[PDB]
Amino acid sequence: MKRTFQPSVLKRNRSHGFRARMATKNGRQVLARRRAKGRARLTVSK
Amino acid sequence: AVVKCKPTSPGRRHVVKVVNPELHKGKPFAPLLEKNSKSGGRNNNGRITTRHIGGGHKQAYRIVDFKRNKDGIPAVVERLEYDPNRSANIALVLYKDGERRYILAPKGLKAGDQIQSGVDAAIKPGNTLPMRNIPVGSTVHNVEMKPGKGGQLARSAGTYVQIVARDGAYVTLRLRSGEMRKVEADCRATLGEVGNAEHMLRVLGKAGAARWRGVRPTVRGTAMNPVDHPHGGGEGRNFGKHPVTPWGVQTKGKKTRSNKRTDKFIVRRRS
RNA sequence: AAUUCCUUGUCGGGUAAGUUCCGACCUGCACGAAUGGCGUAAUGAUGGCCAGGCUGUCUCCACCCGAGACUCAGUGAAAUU
RNA sequence: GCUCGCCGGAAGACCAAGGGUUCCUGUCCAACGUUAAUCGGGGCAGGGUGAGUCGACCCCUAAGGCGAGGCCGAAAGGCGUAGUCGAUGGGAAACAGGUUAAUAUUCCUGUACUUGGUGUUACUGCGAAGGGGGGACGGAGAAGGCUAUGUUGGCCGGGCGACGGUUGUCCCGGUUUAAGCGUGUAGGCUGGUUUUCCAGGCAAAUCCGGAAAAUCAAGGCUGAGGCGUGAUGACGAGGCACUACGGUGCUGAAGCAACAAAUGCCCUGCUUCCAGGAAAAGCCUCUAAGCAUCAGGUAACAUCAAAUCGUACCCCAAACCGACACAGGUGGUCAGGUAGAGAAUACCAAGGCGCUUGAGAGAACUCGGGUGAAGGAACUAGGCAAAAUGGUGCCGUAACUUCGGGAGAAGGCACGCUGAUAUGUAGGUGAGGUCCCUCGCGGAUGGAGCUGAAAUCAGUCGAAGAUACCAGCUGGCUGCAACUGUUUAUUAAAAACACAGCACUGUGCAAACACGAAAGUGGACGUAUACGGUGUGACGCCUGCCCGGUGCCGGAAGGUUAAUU
RNA sequence: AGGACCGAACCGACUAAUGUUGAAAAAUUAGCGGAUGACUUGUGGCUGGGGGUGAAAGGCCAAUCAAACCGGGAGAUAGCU
């Protein structure tokens, strides 16, 4: 059966990548929250 | 011509085709082509603003000269061509100076007939002149609504208008809808009628034929749920309310014209 | 009647026997003409009914070939309490 | 190691996506592996990914994204112009052989090719964000010419048989060779060349387009394959010296023809149809502003440069998505033999596997199958399930019908093998030879060789010849929906939803309408034979009466009536 | 020629059995439907929660849908256990 997760690196970076997050005001707030929490990996860039 | 397909299979019993042998059997004029991407009835917000639009055959736009501003230069029709973007046929005309253009095909225009535009052109089908120079009572099409911006009225398969009066500054016209509208006596109009009269006689014959045109199926509204449509709901087929659009408007007589900006060029709207 | 409560209406057909089915009757509880009426060839993994063929579906089960079940060695759960 | 069994349009081979060292070697067996484990996709250590030509990057653009100014919006922000991004598309070039435990069109050998820089020489009108051409495009169908590939023969090497025969019409194996360069064929498209003129291509133009004359009919373009060269090479079944029986040097015969033949190529062609079938750049031309004994352009030769990143391995799976070494899911490419219409099916080749607990026993019962006396739906809500029908050819085929259908209706007959007609026929293919020529990959004749159905007659074996796998049960009455389609992913596939058709109604274009505080966008680069909404639902015969109620569309005298005053 | 016919790939999901702490949080086996089209499929893009999309089932919108998910108001309120 086809499952929900069908990986694609190009779509992963375009939807949740670092540049995508920085391109919108709300996206930059996501990075600010994760930086405040001390996340080791801010995004899914690599 | 109108030909009835033999019932060799379901979906061909009721098919009626409009076969026109005079149409060019080849590729169109490349310099007058343009890209035309389908929208699916969605606007720049990505929302469906017009329903029942989607799919269909790929089409290339033809640049059709609706202005006919080349005055004093005779032109000769080269061939009649099929235009997927409109119900009427288009004709490729070659001017004496070597310019080629597309125009709507009048009723009885063939290959080799000459056309002209301007104030000094003769009264012949396919010629375009300001309605001031057009004799009253003649039949015209592709009528301009404001001088110089190109025809906008009577552009369908077999449509036309009749000049009934000429006040001197305005000319009254009878549109195909029965409206008695008046425009300035400087708007260019083309003599004759758009020739595809047999267009209305075609019968698609099957659901797939409509899908080729890009028309998606229409769901009535009584078949939906109340959350989806005012007509939705009921154990069976109830429909105990006045007919209404989605979003709640009558649809059975309620007039929706609320322009009021012109309100002078209209006289006898219709009926 | 995809609609009929009374109802398995009545009559006829089909069966040795038919609350279903088919054809009529009309007393239409409570059909009805584009929320369409009545027909309709073809089509349907559609509903109902009757035949020929066919058979372990059955009268009524018998035997056989394999995988488990059973025994030995290794590994080793679960609900519940 | 020898047997056996299984897949073989894969359970083989090569990739993309995704994963990220799972690849190779040594070593270890605690944990991991549904058992043991010396083994492993496990632990540990080392090794392994070599490019001007493959891909990415790069040039170009689609949907779409972002968006200087700009328009709009309480703020946030929205839309969008010029632009700039964005492949799933377009754009220069490498093939064969050999080689590593693990990489190769990347290394080596041989033989090629492409795009730029610089320099020299000769001849020269060069020049763009502009113009034109080209790039550049659909579905279906039809053949014809080819190749991949296969079969047979010939040729070469080997073999003479564990048990009757096997020196022959016998058996086994091999018979392979690319890009590039030259030739320009089957076949496709198009009439050429020259002069003059012109309201067009934002200005210009020798280019494109248009007009008028003159002159010849042969010009040009595109084009699979074949042939030649590449190749006195490489490879090559098997042998001979080394040979740790793990393997290397040298040597190494034949290496042809016929026939069959694709879904691949000619073909982005041809014919035909309506639903009428991307863009931009590279590329080829045109000149403008400019530069002119310069600079630039064309050609030859020489020289230099072609960076950077990916390259291991899995990739229908034990490595990806499913918590698992999970009977699931996952796009592209390659496509052998016999039978067959076939990529179905059966058995096989190359190749890969026996699915990570086994060993016994031969109870009930469960699961998956085989057969069955007599009866044959008596079963049951219901013929659920099972059984049955099943192919080709010929004959034959009802009611009804929209004249297409119904229909493969129903039903009946014949099917193997051998011989003959005919030592292999009809047909297909086609050599040598002759003849012709603008002699060429030519035309005609010619028929050797090869290949090869189908039918008739006669004979013959079995219970059975469409013998296996494969492979329609049929008919009668009737409800509903016309039909093909669509739907509750995961208990409902239907009489429901769509549907062509029909009708009413709105809509004159800055359309109605819809998404948006707005700008704007869709409707539509459409214009009433159009578009939106609503109901009905092919077709045939039809669609009656009622406007009091509610709604809608008109009306104008009167009454009542808001802010305001 | 055909939303034509038979039938693989491919896309579906009508019937039955098995399975139901399954091999599998919907599959397997034997049959079944479409199979040149309103077909199917790869890659990328767009539509966002009272909103989307919907050949219309209240279907689908990451195993969640008569109003997704995550965080916050929040220790909502609970005359009830």
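Proteins come first, then strands; the chains are lettered A, B, ... in the order of their sequence lines, and each starts at number 1.
Both distances falling under 3.5 Å, in either a Watson-Crick or a G-U wobble arrangement, occur for no nucleotide opposite D/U38. Nucleotide D/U175 forms a Watson-Crick or G-U wobble pair with D/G154, both donor-acceptor distances falling under 3.5 Å. Here D/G351 sits opposite D/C7 as a Watson-Crick or G-U wobble pair (both hydrogen-bonding atom distances under 3.5 Å). With a 3.5 Å ceiling on both atom-pair distances, D/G537 lacks any Watson-Crick or G-U wobble partner. For D/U84, the paired nucleotide is D/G65, the pair qualifying as Watson-Crick or G-U wobble because both relevant distances are below 3.5 Å. Pairing partner, D/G440: none, since no Watson-Crick or wobble contact has both distances short of 3.5 Å. Nucleotide D/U243 has no partner under the Watson-Crick or G-U criteria, as no pair reaches both atom distances under 3.5 Å. Using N1 to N3 plus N6-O4 or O6-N4 for Watson-Crick, or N1-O2 and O6-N3 for G-U wobble, each under 3.5 Å, D/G134 pairs with nothing.
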Could you walk me through whether B/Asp113 and B/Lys124 pass the salt bridge (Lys or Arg N to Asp or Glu O under 4.0 Å) check?
CA-CA 10 Å; B/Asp113 321 62; B/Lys124 204 172 79 49; 5.7 Å; no
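Phosphate contact (OP1/OP2 of E/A55, side-chain N/O of B/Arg216, threshold under 4.0 Å): present. Between B/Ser39 and D/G523, a side-chain N or O to OP1/OP2 separation shorter than 4.0 Å is present. The phosphate of D/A528 has OP1 or OP2 within less than 4.0 Å of a side-chain N or O from B/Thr159. Side-chain N/O atoms of B/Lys146 include none lying less than 4.0 angstrom from OP1 or OP2 on D/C509. Between B/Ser156 and D/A528 there is a side-chain polar atom (N or O) within less than 4.0 angstrom of OP1 or OP2. Under 4.0 angstrom from either OP1 or OP2 of D/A199 there lies no side-chain N or O belonging to B/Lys70. At D/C326, none of the side-chain N or O atoms of A/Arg3 fall inside 4.0 Å of OP1 or OP2 (strictly under the cut-off). For B/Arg51, a side-chain nitrogen or oxygen approaches OP1 or OP2 of D/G533 to under 4.0 Å. For A/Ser8 and E/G44, the shortest distance from a side-chain N or O to OP1 or OP2 is below 4.0 Å. Side-chain nitrogen and oxygen atoms of B/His199 include at least one within less than 4.0 Å of the OP1 or OP2 phosphate oxygen of D/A530. Residue B/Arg181 places at least one side-chain N or O under 4.0 Å from the OP1 or OP2 atom of D/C509.
With hydrogens and angles left out, the side chain of B/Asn44 and the base of D/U521 share no donor-acceptor pair within 3.5 Å.
Listed nucleotides E/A55, D/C509, D/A199 differ in distance to B/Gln152; the shortest reach to its side chain belongs to D/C509. Taking every side-chain heavy atom of B/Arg211 into account, E/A55 is the closest of E/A55, D/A199, D/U490. Nearest nucleotide to the side chain of B/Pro217, out of D/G526, D/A528, D/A498: D/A498. When distances are taken from the side chain of B/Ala207 to each of E/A38, D/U534, D/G277, the shortest belongs to E/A38. Of the listed nucleotides (E/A38, E/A67, D/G277), D/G277 has the atom at the smallest distance from the side chain of B/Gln59. Relative to the side chain of B/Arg47, the nucleotides D/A275, E/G49, D/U534 differ in distance, and E/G49 lies closest. Among the nucleotides D/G210, D/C321, D/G508, the one closest to any side-chain atom of A/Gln6 is D/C321. With D/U534, D/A538, D/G520 as the candidates, the nucleotide lying closest to the side chain of B/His14 is D/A538.
Tested against B/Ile90 for a side chain to side chain contact (heavy atoms under 4.5 Å, CB included), the candidates B/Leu32, B/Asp65, B/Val64 yield a single pass: B/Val64. For the side chain to side chain donor-acceptor pair (under 3.5 Å) criterion with B/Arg188, the lone passing option out of B/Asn133, B/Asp71, B/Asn142 is B/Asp71.
D/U293 and D/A517 are not base-paired: they meet neither the Watson-Crick nor the G-U wobble geometry with both distances under 3.5 Å. If you check D/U229 against D/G180, you find a Watson-Crick or G-U wobble pair, both contacts below 3.5 Å. Taken together, D/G383 and C/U10 do not constitute a Watson-Crick or G-U wobble pair, since the relevant N/O distances do not both lie under 3.5 Å. With both distances required under 3.5 Å, C/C61 does not pair with E/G72 in Watson-Crick or G-U wobble fashion. D/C4 and D/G50 make neither a Watson-Crick nor a G-U wobble pair with both donor-acceptor distances under 3.5 Å. In this structure C/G37 is not paired with C/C54, as neither the Watson-Crick nor the G-U wobble definition is met at both distances under 3.5 Å. For the criterion of Watson-Crick or G-U wobble pairing, both bonds shorter than 3.5 Å, the nucleotides D/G479 and C/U46 count as partners.
Between B/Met131 and B/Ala189, the shortest heavy-atom distance links the atoms CG-CB, 3.8 Å.
Counting any heavy atom pair closer than 4.0 Å across all strands shown, B/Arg155 reaches a base atom.
One hydrophobic cluster holds both B/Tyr82 and B/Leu109 under the rule that ILVMFWY side chains link at heavy-atom gaps under 4.5 Å.
Going from the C1' atom of D/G405 to that of C/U43 covers 12 Å, rounded to whole Å. Taking atom P on both nucleotides, D/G419 is separated from D/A464 by 23 Å, rounded to a whole Å.
The CZ atom of B/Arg213 sits 21 Å away from the P atom of D/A498 (whole-angstrom rounding). Rounded to whole Å, atom P of E/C5 lies 15 Å from atom CZ of B/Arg12.
Using a 4.0 Å cut-off on heavy atoms, the residues of residues 236-261 of chain B that approach RNA chain C are B/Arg237, B/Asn238, B/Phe239, listed by number.
Within 6.0 Å of NZ on A/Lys37 lie no more than 12 heavy atoms contributed by other residues, nucleotides or ligands.
Both thresholds, 5.5 Å between centres and 30° between ring planes, are met by B/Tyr82 relative to the base of D/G276, so the two rings are stacked. The aromatic ring of B/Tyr61 stacks onto the base of D/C525, its centre lying under 5.5 Å from the centre of the six-membered base ring with the two planes under 30° apart.
Comparing B/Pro226 and A/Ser15 along RNA chain E, the residue whose closest nucleotide (by nearest heavy atom) sits nearer the 5' end is A/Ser15. Toward the 5' end of RNA chain E, the nearer of the two residues B/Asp228 and B/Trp212, judged by each one's closest nucleotide, is B/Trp212.
Taken to the nearest 0.5 Å, the CZ atom of B/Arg62 stands 12.0 Å off from the CD atom of B/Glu34.
Salt bridge annotation for B/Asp97-B/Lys70: present, with a cationic side-chain nitrogen under 4.0 angstrom from a carboxylate oxygen.
Take B/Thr128 and apply the side-chain hydrogen bond (donor to acceptor under 3.5 Å, both in side chains) test, not counting sequence neighbours, and it matches B/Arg68, B/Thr190.
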